[PDB]
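Protein chains in written order, with this note's numbering: chain P, 108 to 472; chain V, 34 to 397; chain F, 2 to 358.
Even for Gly, the Cβ is constructed at its ideal location relative to N, Cα and C.
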Amino acid sequence: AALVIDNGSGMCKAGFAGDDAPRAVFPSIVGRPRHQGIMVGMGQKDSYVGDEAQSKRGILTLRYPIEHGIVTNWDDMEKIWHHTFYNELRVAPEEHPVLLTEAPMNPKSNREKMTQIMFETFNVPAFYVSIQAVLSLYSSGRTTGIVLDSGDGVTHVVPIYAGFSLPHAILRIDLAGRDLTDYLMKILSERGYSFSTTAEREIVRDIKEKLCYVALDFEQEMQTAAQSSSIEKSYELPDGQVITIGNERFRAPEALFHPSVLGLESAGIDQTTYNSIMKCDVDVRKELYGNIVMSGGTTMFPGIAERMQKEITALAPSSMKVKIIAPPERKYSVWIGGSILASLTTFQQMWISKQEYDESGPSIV
Amino acid sequence: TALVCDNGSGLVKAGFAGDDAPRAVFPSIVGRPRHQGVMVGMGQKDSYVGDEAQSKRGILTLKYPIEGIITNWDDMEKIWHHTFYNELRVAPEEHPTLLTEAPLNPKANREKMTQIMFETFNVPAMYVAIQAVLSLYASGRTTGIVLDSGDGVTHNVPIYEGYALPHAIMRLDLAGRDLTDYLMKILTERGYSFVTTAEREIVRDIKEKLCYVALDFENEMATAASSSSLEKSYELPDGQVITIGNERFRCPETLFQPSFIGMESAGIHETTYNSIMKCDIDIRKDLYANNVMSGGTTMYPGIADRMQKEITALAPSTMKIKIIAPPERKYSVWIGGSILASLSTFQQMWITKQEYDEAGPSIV
Amino acid sequence: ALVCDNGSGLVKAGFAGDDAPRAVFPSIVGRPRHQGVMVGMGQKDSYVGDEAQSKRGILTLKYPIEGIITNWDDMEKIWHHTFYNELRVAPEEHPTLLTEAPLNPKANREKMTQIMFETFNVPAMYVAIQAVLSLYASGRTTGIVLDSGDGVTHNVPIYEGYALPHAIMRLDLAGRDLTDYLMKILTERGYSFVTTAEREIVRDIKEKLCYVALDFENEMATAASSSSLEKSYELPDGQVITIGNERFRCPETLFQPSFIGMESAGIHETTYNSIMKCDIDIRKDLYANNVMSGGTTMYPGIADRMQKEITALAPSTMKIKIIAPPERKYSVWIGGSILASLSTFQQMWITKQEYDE
């Protein structure tokens, strides 16, 4: 059996080939103690990965190697994996084939470097790197799909025609679940809240994930909150103190369609779907309009699939089969893309072998 | 003095007669507000215009009024209503204005161009002029086929006796926008970000700065894949020094083999042979010898050496190939206007405010 | 005309014409242990500035101004103390300018407009945002400000004589917290400073010893290596302090609020963060012209260090310039007096008749 580790800008996702749910779902953080000690409590282990590092904000300095799918730092990424093998998945890398994810439009040098580390500091028998949305497309039951990922870091739209991604339309807004929380932290503080700590960033993250939704129309909904507390939803903080969130609740996800609310003056995910599809050829486009597949955690907000269905019905040809297929499991579909792909008896011949690596080297990827 | 304005979807350039270099230059774009949005310092403006529309895009969405050819008039009017006012600080009522059109510009839209100029503007005299004729004029040539290439436009125009043969003009829609989106595939496939419209604004520039054609396709395919020469570093306007390489040949080679996107059009060398092959036989002599190029997308280093070879391969070897490349070229249609507006014999050629009154739009 | 600069700690007043502020005093008022009514007998007004510090009440020491004026009675009281106590003039005769904090409530201005014309009977009043003025002392209409008086630091963007609210970053730090940090650290070398009289000694020490070292880490090491940063200061009574690492620990607080224990980002983080909130193109003039004002920009080194961090935070092609005047501490008044003297543009001076209406 093989291994699959989705290296997410917020949450990394490890496991084996064949399983349905990701075996090690964890924050992609490496944490290093600011002054390293002799003992327990004091800050003893040279780097901490996942939720331990995160609890231990008192002792550590927290670092995320992967920003917008682009792995920026390889010393933190590697040291994650030393822990993904020996501490998370509780395996020995040299025994199991590995599939790791990479962004839609991810660096060749970053690919070629990941290629290096895996067969080398980890000696894994076999490896393959795979483009995030294309793997969501595999978990969507397709060969053809305009797939739109929004993870914690990156938000990429891809026209998959017959398994081939068409790069000449692969689009993006650098706006995702992390930028989304920061918006809600602002607009609660502007409601009058003091939310400032990273702990209260997790408060503002939780509120985002549970109470934030995408209005079917933005302006209408605003005055709907103005006229009714319908929208207003209570929240029990770790204080026990109940707060109330109101028109914030739909303003926060609406970054994704109206990005410019953060000051991030891009076109919205609606617009970028359309603009990906036009940059394709016309028969591709037909099935892209019918095979708009959503992916990521930030694709989860209430109303988003219906809203995308609304907007793209107007933006696409009136007589077209517009069809969103929003995955229920979409915070993980990229790992479910990996695990199926690794388990594919066909795909067994598509792995990078240890042989081709030692005869040809990292440049074959 | 007269006023002269080269309207492109990329850049609109203005000024007066007599000056050698364009007085106004701006992107052709306005923004109409997705919310009521006081840019604290101005009042509630209708439209932020050009290098203003994109400055504040978060409030107000970018459109291009004229994709080489006029579509939307509410944006369009704000562009003629930028250039006089903000850009030149001049009043329309005072100044005989000349405006351009990308070659093969149609009946209906020009009628209404002429209308608006005499009504909401009141200009004392106006003249629209066919971009590629003005290029050849600015060149100092009587005759010869011309090739405009731009962000939205490309054009082959056989000029004789100061006159374009209209029927034989080819527009190529595969222009510099297509090219910048293509570069924007490829760097992104190498792994850079480059795909928001902000990063289009960057990836336009990088191309303009570093992207060349090279004389042979197969041999350059060899160098690209094998040698560390292709790479040039570049700070984009955040700070990330990237490295562009290969694409520098693998983008503008689309003007020669348009198939690179999957658009299948004949390459410029083909279109030019065939545009001259929309003209006679021995009369073709110094069309082949006075072949002038124009516009934005003619800046690419390598194209001329390439094109001469590729047009000669297509053609009966005795035709004297002489293709001219000025260094000012984004402005050649402005400098075809200003000096030709200053030229005395032209006072009679303008469309006056009076003649408009009697003739209506129908004088354009 | 007059110019009367108001804030959470210090108030500067004088005339239009003069180069240097005539009166500069603490915004402290006292309010009684509850004898009397708001309209009734007894000193509501009580004691402002030094007279209130000297004794401290009872007449409880309500500072009214947190940049934003929280309660308007105490401001009235100060403004009495200005025209009548500090200047000793006639308010009816002398048109007054007053200096407001960017992001003041518009309603807060209405009340400023009223108390002036009603209780003080001033013939005309003007009111101007402390930031643009801070630039008018440096001769500019446009630019990014880092004001850092005694109360709250201020990262204010300016286009063409106007502030842009959406970027105006506050940091709850300056001058005062800067001395009350210095008190905690002098304690480590025996000198537990405690009284207000001692806080006046300690504040002289801030000006004399405490300085924005260009870098924090190379500096720490030099302190730990060698005494050259250490410098003795004689206390007025007869004693002598010696201070080393601490000397730069005390101004570093602007760049690191974790020192005091505040959840808020250092001035380098906020300056930049305000300019990102600026218009993608106007940003260039602002970066090109950063102007920095206040008692807490008086710290030596601050301009180069700001410039170092903003260069390390802005793109490679970003033309940045920081600007601090040698008179920087007062600049809102110097900027103000120039404006208040601008006798041609005059109709800005909204009169009593332009108020009878």
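C-beta contact flag for residue i and residue j at 9 Å
{"i": "F/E220", "j": "F/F249", "result": "yes"}
{"i": "residue 370 of chain F", "j": "F/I79", "result": "Absent from the structure is residue 370 of chain F, since the part of chain F shown begins at 2 and ends at 358."}
{"i": "F/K63", "j": "F/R32", "result": "yes"}
{"i": "residue 13 of chain V", "j": "V/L205", "result": "This structure cannot settle anything about residue 13 of chain V, because the visible part of chain V is limited to 34 through 397."}
{"i": "V/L347", "j": "V/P291", "result": "no"}
{"i": "F/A138", "j": "F/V4", "result": "no"}
{"i": "P/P469", "j": "P/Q223", "result": "yes"}
{"i": "P/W458", "j": "P/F234", "result": "yes"}
{"i": "V/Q87", "j": "V/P60", "result": "yes"}
{"i": "P/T405", "j": "P/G258", "result": "yes"}
{"i": "P/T305", "j": "P/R164", "result": "yes"}
{"i": "F/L98", "j": "F/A2", "result": "yes"}
{"i": "V/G91", "j": "P/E355", "result": "no"}
{"i": "P/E361", "j": "P/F325", "result": "yes"}
CB contact below 9 Å: residue i versus chain C
{"i": "F/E264", "result": "Of the chains in the structure shown, none is chain C; the protein chains are P, V and F."}
Three-state secondary structure assigned by DSSP to residue i
{"i": "F/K232", "result": "strand"}
{"i": "P/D281", "result": "coil"}
{"i": "P/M427", "result": "coil"}
{"i": "F/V133", "result": "helix"}
{"i": "F/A325", "result": "coil"}
{"i": "F/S9", "result": "coil"}
{"i": "P/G144", "result": "coil"}
{"i": "V/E286", "result": "helix"}
{"i": "F/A102", "result": "coil"}
{"i": "F/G15", "result": "strand"}
{"i": "F/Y127", "result": "strand"}
{"i": "P/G445", "result": "helix"}
{"i": "F/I242", "result": "strand"}
{"i": "F/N86", "result": "helix"}
{"i": "P/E372", "result": "coil"}
{"i": "V/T385", "result": "strand"}
{"i": "V/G209", "result": "helix"}
Anticipated Cβ contact below 8 Å, residue i with residue j, distance rounded
{"i": "F/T243", "j": "F/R171", "result": "Not quite, the Cβ-Cβ distance comes to about 36 Å (not below 8 Å), so this is no contact."}
{"i": "F/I283", "j": "F/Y182", "result": "Actually they do not touch by this definition, with Cβ atoms about 36 Å apart."}
{"i": "P/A210", "j": "V/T230", "result": "20 Å between Cβ atoms; not a contact."}
{"i": "F/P106", "j": "F/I169", "result": "Not really, about 13 Å apart at Cβ, beyond 8 Å."}
{"i": "F/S193", "j": "F/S294", "result": "Not really, about 33 Å apart at Cβ, beyond 8 Å."}
{"i": "P/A109", "j": "P/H203", "result": "6 Å"}
{"i": "V/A165", "j": "V/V190", "result": "4 Å"}
Looking at chain P, which residues of the stretch 266 to 293 of chain F have a Cβ within less than 9 Å of any of its Cβ atoms?
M277, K278 and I281
Hey, which unbroken runs of the alpha helix (DSSP H) at 4 residues or more fall wholly within the stretch 138 to 221 of chain F?
176 to 187 and 197 to 210
At a Cβ cut of 7 Å, what residues of the stretch 262 to 280 of chain V count as close to chain F, listed as they run along the chain?
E268, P270, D271 and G272
As an exercise, report each continuous beta strand (DSSP E) stretch of at least 3 residues that is fully enclosed by the stretch 313 to 360 of chain P, in chain order.
340 to 343 and 349 to 352
Looking at chain V, which residues of the stretch 163 to 181 of chain P have a Cβ within less than 8 Å of any of its Cβ atoms?
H175 and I177
Of all the beta strand (DSSP E) runs that stay within the bounds of the stretch 58 to 116 of chain V, which reach a length of 3 or more residues?
63 to 66 and 93 to 96
Report the residues of the stretch 84 to 116 of chain V with a CB closer than 9 Å to any CB of chain F, ordered along the chain.
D84, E85, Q87, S88, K89 and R90
Write down every uninterrupted run of the alpha helix (DSSP H) in the stretch 214 to 269 of chain P whose length is 4 residues or greater and which is fully enclosed by it, in chain order.
215 to 226 and 239 to 245
Along the stretch 46 to 80 of chain V, what residues have a CB closer than 7 Å to any CB found in chain F?
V73 and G74
Which ranges does the alpha helix (DSSP H) cover as unbroken runs of at least 4 residues, wholly within the stretch 127 to 200 of chain V, from first to last along the chain?
140 to 152 and 164 to 172
Given a limit of 9 Å on CB to CB distance, which residues of the stretch 364 to 382 of chain P reach chain F?
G370 and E372
Start-end ranges of the alpha helix (DSSP H) lying completely within the stretch 269 to 332 of chain V, minimum 4 residues
280 to 283, 301 to 309 and 318 to 321
Positions along the stretch 149 to 179 of chain F whose CB lies within less than 7 Å of some CB in chain V:
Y160, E161, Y163, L165 and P166
Residues in the stretch 292 to 321 of chain F with C-beta within 7 Å of chain V's C-beta atoms, listed in sequence order?
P316, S317 and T318
Selection of the stretch 169 to 197 of chain V by Cβ proximity to chain P, strictly under 9 Å:
none
Between the stretch 303 to 320 of chain P and chain F, which residues of the former have CB atoms less than 7 Å from a CB of the latter, in chain order?
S303 and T304
Quick one: complete alpha helix (DSSP H) runs, 4+ long, within the stretch 138 to 194 of chain P?
158 to 162 and 181 to 190
Selection of the stretch 207 to 225 of chain V by Cβ proximity to chain P, strictly under 8 Å
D214, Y215, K218, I219, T221, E222, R223, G224 and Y225
Residues of the stretch 350 to 363 of chain P whose Cβ lies closer than 8 Å to any Cβ of chain V, in chain order
none
Chain-ordered residues of the stretch 236 to 265 of chain V with a beta carbon less than 8 Å from chain P
none
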